[PDB]
Protein chains: 4
Amino acid sequence: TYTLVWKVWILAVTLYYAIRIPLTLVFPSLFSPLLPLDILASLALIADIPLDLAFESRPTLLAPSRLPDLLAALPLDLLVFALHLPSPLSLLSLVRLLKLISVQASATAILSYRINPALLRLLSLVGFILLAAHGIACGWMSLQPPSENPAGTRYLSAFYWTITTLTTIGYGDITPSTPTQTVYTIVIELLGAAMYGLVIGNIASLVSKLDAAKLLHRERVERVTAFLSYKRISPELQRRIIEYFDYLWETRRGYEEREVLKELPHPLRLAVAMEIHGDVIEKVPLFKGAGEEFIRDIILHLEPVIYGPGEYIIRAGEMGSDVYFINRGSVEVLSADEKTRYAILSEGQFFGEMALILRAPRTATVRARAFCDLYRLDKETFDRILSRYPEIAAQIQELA
Amino acid sequence: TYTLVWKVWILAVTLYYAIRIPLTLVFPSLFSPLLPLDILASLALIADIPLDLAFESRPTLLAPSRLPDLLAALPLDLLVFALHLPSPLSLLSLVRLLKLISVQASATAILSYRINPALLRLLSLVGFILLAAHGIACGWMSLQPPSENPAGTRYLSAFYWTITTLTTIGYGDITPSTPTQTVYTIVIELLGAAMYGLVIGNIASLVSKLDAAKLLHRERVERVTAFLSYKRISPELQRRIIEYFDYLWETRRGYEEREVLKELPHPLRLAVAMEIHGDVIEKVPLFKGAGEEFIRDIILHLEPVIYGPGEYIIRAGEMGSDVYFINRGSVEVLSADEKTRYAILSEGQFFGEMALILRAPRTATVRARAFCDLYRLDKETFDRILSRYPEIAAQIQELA
Amino acid sequence: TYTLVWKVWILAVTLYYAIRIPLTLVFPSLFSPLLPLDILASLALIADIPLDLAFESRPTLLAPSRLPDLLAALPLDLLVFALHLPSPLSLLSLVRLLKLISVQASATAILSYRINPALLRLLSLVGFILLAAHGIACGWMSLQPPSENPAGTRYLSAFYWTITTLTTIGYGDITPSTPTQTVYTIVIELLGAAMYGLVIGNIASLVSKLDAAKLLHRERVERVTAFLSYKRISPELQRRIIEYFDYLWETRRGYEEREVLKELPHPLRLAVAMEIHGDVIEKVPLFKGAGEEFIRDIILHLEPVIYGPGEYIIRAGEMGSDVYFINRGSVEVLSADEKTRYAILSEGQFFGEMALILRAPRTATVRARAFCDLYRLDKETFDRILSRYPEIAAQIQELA
Amino acid sequence: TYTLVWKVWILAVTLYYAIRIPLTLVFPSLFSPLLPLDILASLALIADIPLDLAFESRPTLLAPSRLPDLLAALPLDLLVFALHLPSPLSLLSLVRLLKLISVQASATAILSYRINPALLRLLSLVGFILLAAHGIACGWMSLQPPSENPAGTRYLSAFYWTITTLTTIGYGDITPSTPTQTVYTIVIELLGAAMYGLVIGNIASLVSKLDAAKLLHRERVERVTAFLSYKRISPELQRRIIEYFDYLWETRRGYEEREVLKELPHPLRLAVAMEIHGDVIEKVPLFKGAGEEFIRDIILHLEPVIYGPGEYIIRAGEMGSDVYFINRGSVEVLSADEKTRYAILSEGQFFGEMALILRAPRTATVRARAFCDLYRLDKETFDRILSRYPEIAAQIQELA
Ligand SMILES: Nc1ncnc2c1ncn2[C@@H]1O[C@@H]2COP(=O)(O)O[C@H]2[C@H]1O
Ligand SMILES: Nc1ncnc2c1ncn2[C@@H]1O[C@@H]2COP(=O)(O)O[C@H]2[C@H]1O
Ligand SMILES: Nc1ncnc2c1ncn2[C@@H]1O[C@@H]2COP(=O)(O)O[C@H]2[C@H]1O
Ligand SMILES: Nc1ncnc2c1ncn2[C@@H]1O[C@@H]2COP(=O)(O)O[C@H]2[C@H]1O
């Protein structure tokens, strides 16, 4: 979109002015050579203040917002330079630099999504500090005694001084020699201390948030381990729990499915649940013929559970009541004595369907081959769901 | 209220003393010219210590509170200056400056609401640092060898030194030349390091809290996106969820209605719910004649839900049971084959009323035109509510 | 307890050694004058390593813990000073200073309750930095060329240099002149940068936690206000909600009773609930004769609710079901037309008792005079409680 | 595993290059003496870029990942040194140093578990800063005027300058004398300010997280104490609650069992619950003969509760319904008048079994000897469990 290109162009124009205005205040002879750009740049500025009125909600000129735009659109710089009027009034040429805050707001709004906000604020602060350093170096030159030194070396020395002061390094090889330079130095010292404190605070804020997920996982694991140590839990079970948390981190950054899915609204939660359990519940022979309404109601009630390697999901002879769907990993179905393996079931398969229709003991043992992500449906909830689908209840009773 | 103006006046008086007392300790000749203000200022102080006793709960003189007020109300400064007594005892003139902490407490209490507390602490620290810098410059002058330099240049040099030290820039063009100046320099170096660390910590605390809502939204979105990536969700559904979160941010800063309304007490929650659902439930033909008690009970149980563009709220033939109220956005009511559009419903309208009275299949499909903020009422909860209003139950049964 | 006094004495002894050992390494002549204290101090140290074995669980000598104690109990300093052996081996005299970490652990454990842990860590760091500054000044003197300067001025200059370096101020009036002094300066510069970064981090951590309750209240209020602004809530209701939050802050720091009471175990929660509702439920005529078991069961189920000024708690003719207990504030009981006031009820009184026994409409309107802290008991929960006390149910039915 | 040893070897090789390359750029004569190591080191690098392809998922050469590895595997350094080609093109020899970020990633991945991530980032930053300081000192030497000074003293002076600048101490005894040195100084000043801000931010982040559990406990206790102070709770009950929180901290760091056990999945939660309640529920005479299924169902529903010293768990004559299992601490069973002690029960014992079968009043009072960790089973939940085990219900009814 060309409007963003216009905003980038105005970024360039305001940077042009932030560079040129103090550098022209210290070197008046620089005015006329760059005059054809100045009229070009100022025109662009007068082009902007009516433009964004068509985008602010895609005319509150009396509000504090849009005040720096119009205040910085006045051709004060041209008049000040042309009139060669005295410096104490010439300083009003800087009023155009108030466009900087509006340009910062625009850049923040057009980079508010691709860039971390803390990093965006840090980068904006760094750019502002570089521009302020340029301005402060120009002021330092303006207070320096006249000399035959080339303008480039003068600017280099002033920028060296201002960087030495703002960074608080303070070599002191360049120091104020006059009372006005001393007052200016005091002001710049306070400003540099504030700017460097802002830099440090922004960096601290940025870096304190980097490992949020990993630090949350670590605090969770330490809490659990300390509590289990208090309860005198044996180290084997503690090792199994530690490796469970290792699995949870390496697979899904320690996030709980139960808590993540609550952050979605019901239509999106239903879409996600239908996506994850794709055809796994619509391939079950118990309710192949069921309507999609019953399928949706079943899908919304599946509870995620993770079983570790070798953990028993079902033991033969237990008065079980739950059916399980394998979302990831694999399980072995074993005899009641576990001396022989009836089957291996893998991702996309299911077991325990008999518990939903009958109330009989479990036919065979089920044991996880490794870390299995499974979904559990309780017969209590299955009956609750059947309570509102009499046709499906009749179908399943006929099957039973 | 004039009491706040009195507190501002005492702010001015304590700033007057914090400036004058060390500057008089270094320039005794400054005493008499400002004497008519001093008696004016000290009187104001003796006017204060009985005054706030009428406001402290709107007389605990033995408590640590109100101790700095009375301790700083003693006319020690006048006696010390008048007696021209020796400097080691003259330093007791500074006891009046203990009013500063009480004035800071007062300013914090009268600006505790309009101003962010972290920013308020930062500003108080900055003011304290400026006053301390003035005092330290006065001490530096007090340890300097006598000279014919004008008092203004002496103060400027001392303030330059103390600012250079406190900001930790340390040019070193002004350095202690005597052992007493060296001890003073060491003390001031430690104090300046502590003050600048306090400044940096306050700035870091302030800036780490700026984007709390945006950072919470970002961490939520990253958690959800990472989890959906683990579940191998298709990118179309991920895009729909991302645009849902974009809508949630751009409309309501990512806040959950369900969680915001829990932070209000029941009377205020009821007032808010009655305000939002204004006449939308009192215009429904199903219960036009119902009493306001039933209306309130219904209003408290409406559940907010957001549907994205093109999402199906109701599909024809479904065994639906919920009525929906459109709080924002618009929906289209479509035929069972969706090849024709029966109607468009907008903000303030409702659909699905038949499900509450009957138990019949849905007559027509309902699909969101865009992001719709809707309120859902389940027939289970509607029946729960009807259980306590037999007259309304009879009315609705007669309608059915 | 005298054991804490012993630990304070050993604090004094370890500070004595941390001062003396480097100062004796630079001034050997200081050894013999303080020898009678040294044997006194070292004896105290050899007295400690068997003592705390009786307190460590109120003998794991092979563990890393208690290793610095025994390692710092060896009389190495006495031998090094007496042998006047060469400096590269004389540096082993510093091994006694390893008592510092054990003394820091002891001080942290005996001040872990009266003092904020972050402030405790900051103070420990500051003390360690002062001791390290003393040691570094001694090293700087040890690398300085011999001179006739008095020892006091030499120490003052070295301490000035080390404070100037550690605080990163860096005047540079004292600088290394030799390669060994340059290497030492580099090491001390890195150490000072690390120490000052530690100071800044500790201060930032301390100050970022100061206003936790106030910042939580502010973020809550901003969230609620922003959400209500999105919902287009009228400014009058917003003002009422703002003043409700103001009341909540000024009374109880914004804490929710419902959430605070969940942080207590059941016996303590019951004790607190019995304390708050003291005789208010045991004075009700409905169940004066009830046993204390029923009283406890009733007391555990009272729900706190806050009503704002002028809010209607009960309106005449409503099909109400709740009884209310006034814990603070006062309410007015008014006629059905509100044109006359039947009564005013205050702290410790109750209203709405008829709703529990009968099912009749409310006899009169109840309206809050100001912010009232009330407790609500629902007839549904009252019936649940009566279900387990048949005698009390019979009593209340006889009353009805 | 030898692969980790290979990664450590490549750590050594990349450190070798990061040291040698700039030091050879400033001292070309250093090239040939270390040439037999260079060919040895570069070979190792060309050995790596095919190796990790077998481990990246235990070949995406077009991705940004693995780009620095191949870019840093080119023998550019050998050619640049052998060709003695001009310095502006010789600077390309540094391209090999891009191996540093890959080595940092590898070290982070192989130390991501034993080391706190914040501390790991801080240590990596410190190492990077030391290497950068070496490089910057080499650049400073490269811009220095030729002199007869020994290379060691030149390097020492350059390293002194760069450490003085990066730490922001800034003595200023060594300062740029030429415009190119001034530009280099400005760049290094900005880089050092950024690096020191990074150090401070990392330290602040690290130290702000140290006392997370203790600070959470303190904020909990302050919240509870403030709320109880508002409710005008008597100081005796407040003292009992404070000592309860002291017990909770000293035993289990203030963690709630109810919340810790929710962070485990159902199989691990069941394993932990079976471990804690080991034989305590399988020794009860009420259900000695019960199957392990009923035992598991009972075990999952035990609620933890802590009773303070002297607190009454059961009072004689109460219409109680709960059985209690002593996990830690001890209780006394006392007569109805409490004038005699029937028994003392300790860890691993139980009381209140009669309430589960009968509905009779409590036979005797039970009072905690000290802080008791107990588990409560309610008859309501016991009946819920019995509802699914008819055989056990028949057994317990026969016992009753
Ligand atoms: N031969 C088999 N092959 C595969 N799965 C089986 C086999 N026998 C039993 N199962 C599954 O093992 C489950 C154990 O619990 P159920 O008896 O409830 O339901 C059983 C089936 O889902
Ligand atoms: N012609 C129509 N115009 C507007 N709304 C309709 C029309 N026909 C059906 N509806 C609404 O569409 C809803 C679909 O669900 P119901 O059958 O429960 O209730 C239906 C009405 O609320
Ligand atoms: N004359 C009165 N004086 C005090 N309280 C009253 C009076 N009349 C009614 N009430 C109280 O007002 C309440 C309004 O609700 P109820 O009818 O449930 O119960 C009523 C009593 O608790
Ligand atoms: N003599 C006793 N010795 C040990 N425990 C007892 C004794 N008498 C009663 N109890 C226990 O005290 C409990 C008090 O509550 P119950 O009557 O429910 O169950 C009682 C038994 O568990």
Side-chain angles (χ1 to χ4, degrees), chain A residues 266-267 269-271 273-274 277-303 319-325 350-360 375-400, chain B residues 286 301 303 305 312-324 335-338 351-366 376-387 390 392-394 396-400, chain D residues 384 387-388 390:
Chain A
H266 176 271
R269 199 188 304 137
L270 178 59
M274 200 67 33
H277 312 120
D279 191 59
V280 173
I281 291 56
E282 317 71 329
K283 69 150 37 63
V284 159
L286 165 39
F287 40 60
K288 188 59 47 33
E292 298 94 330
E293 304 159 66
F294 165 86
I295 304 298
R296 282 186 264 279
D297 288 354
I298 289 286
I299 285 308
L300 289 169
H301 283 80
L302 299 186
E303 160 218 341
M319 219 37 39
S321 55
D322 311 2
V323 65
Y324 289 94
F325 305 93
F350 53 81
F351 58 88
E353 325 89 300
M354 329 312 175
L356 260 51
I357 56 199
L358 311 181
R359 186 38 169 69
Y375 289 85
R376 187 187 80 93
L377 175 65
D378 196 311
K379 178 162 178 150
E380 178 277 346
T381 289
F382 184 69
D383 288 350
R384 205 203 323 305
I385 293 165
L386 288 180
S387 79
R388 88 185 74 280
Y389 298 107
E391 180 175 339
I392 308 292
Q395 201 311 338
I396 70 96
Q397 201 36 293
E398 194 278 340
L399 179 63
Chain B
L286 165 39
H301 283 80
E303 160 218 341
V305 59
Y312 293 98
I313 302 146
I314 290 170
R315 289 159 290 247
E318 289 181 324
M319 219 37 39
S321 55
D322 311 2
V323 65
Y324 289 94
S335 57
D337 63 0
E338 302 168 40
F351 58 88
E353 325 89 300
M354 329 312 175
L356 260 51
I357 56 199
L358 311 181
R359 186 38 169 69
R362 295 287 203 185
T363 88
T365 288
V366 188
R376 187 187 80 93
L377 175 65
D378 196 311
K379 178 162 178 150
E380 178 277 346
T381 289
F382 184 69
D383 288 350
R384 205 203 323 305
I385 293 165
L386 288 180
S387 79
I392 308 292
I396 70 96
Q397 201 36 293
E398 194 278 340
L399 179 63
Chain D
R384 205 203 323 306
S387 79
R388 88 185 74 280

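In what follows, every heavy atom counts, from backbone to side chain, and hydrogens, waters and symmetry copies are set aside. Per chain, numbering begins at 1; letters A, B, ... match sequence-line order.
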Got a sec, which residues hit salt bridge (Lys or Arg N to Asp or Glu O under 4.0 Å) with A/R296, two or more places apart in sequence or on another chain?
-> B/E318
Write down the atom of [X], the atom of [Y], and the distance for their closest heavy-atom approach.
| X | Y | result |
| --- | --- | --- |
| A/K283 | A/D279 | NZ-OD2, 2.7 Å |
| A/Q395 | A/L286 | OE1-O, 4.0 Å |
| B/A355 | B/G320 | CB-O, 3.8 Å |
| B/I396 | B/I357 | O-CG2, 4.3 Å |
| B/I314 | B/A364 | CG2-O, 3.4 Å |
| A/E282 | A/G278 | OE1-C, 4.4 Å |

Look at the side chain of [X] and the backbone N and O of [Y], then say whether any donor-acceptor pair between them is shorter than 3.5 Å.
| X | Y | value |
| --- | --- | --- |
| A/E293 | B/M319 | yes |
| B/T365 | B/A316 | yes |
| B/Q397 | B/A394 | no |
| A/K379 | A/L356 | yes |

Do [X] and [Y] touch side chain to side chain, with heavy atoms closer than 4.5 Å?
| X | Y | value |
| --- | --- | --- |
| A/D383 | A/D378 | no |
| B/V323 | B/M354 | no |
| A/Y389 | A/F287 | no |
| B/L377 | B/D322 | no |
| B/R359 | A/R388 | yes |

Check the pair A/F350 / A/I281 against side-chain contact (heavy atoms from CB on, under 4.5 Å), numbers first and verdict last.
-> CA-CA 9 Å; A/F350 53 81; A/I281 291 56; over 6 Å; no
Any chance CD of B/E303 has more than 12 other-residue heavy atoms, nucleotides or ligands included, within less than 6.0 Å?
-> yes
Please say whether more than 12 non-hydrogen atoms of neighbouring residues, nucleotides or ligands are located less than 6.0 Å from CD in A/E391.
-> no
Spacing of B/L399 atom CG and B/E353 atom CD [to the nearest 0.5 Å] | 10.5 Å
Can you tell me how far the CG atom of A/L300 sits from the CD1 atom of A/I385, to the nearest 0.5 Å?
-> 8.5 Å
In terms of ring plane angle, is the pair A/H277 and A/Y375 parallel, tilted or perpendicular, where the classes change at 30° and 60°?
-> perpendicular
Relative to the ring of A/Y324, is the ring of A/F351 parallel (under 30°), tilted (30 to 60°) or perpendicular (over 60°)?
-> parallel
Report the C-alpha distance between A/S387 and A/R384 in whole Å, list the side-chain angles of each, state the deciding distance to 0.1 Å, and finish with yes or no for side-chain hydrogen bond (donor to acceptor under 3.5 Å, both in side chains).
-> CA-CA 5 Å; A/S387 79; A/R384 205 203 323 305; over 6 Å; no
Going through the distances and angles, do A/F325 and A/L302 end up as a side-chain contact (heavy atoms from CB on, under 4.5 Å)?
-> CA-CA 9 Å; A/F325 305 93; A/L302 299 186; 3.8 Å; yes
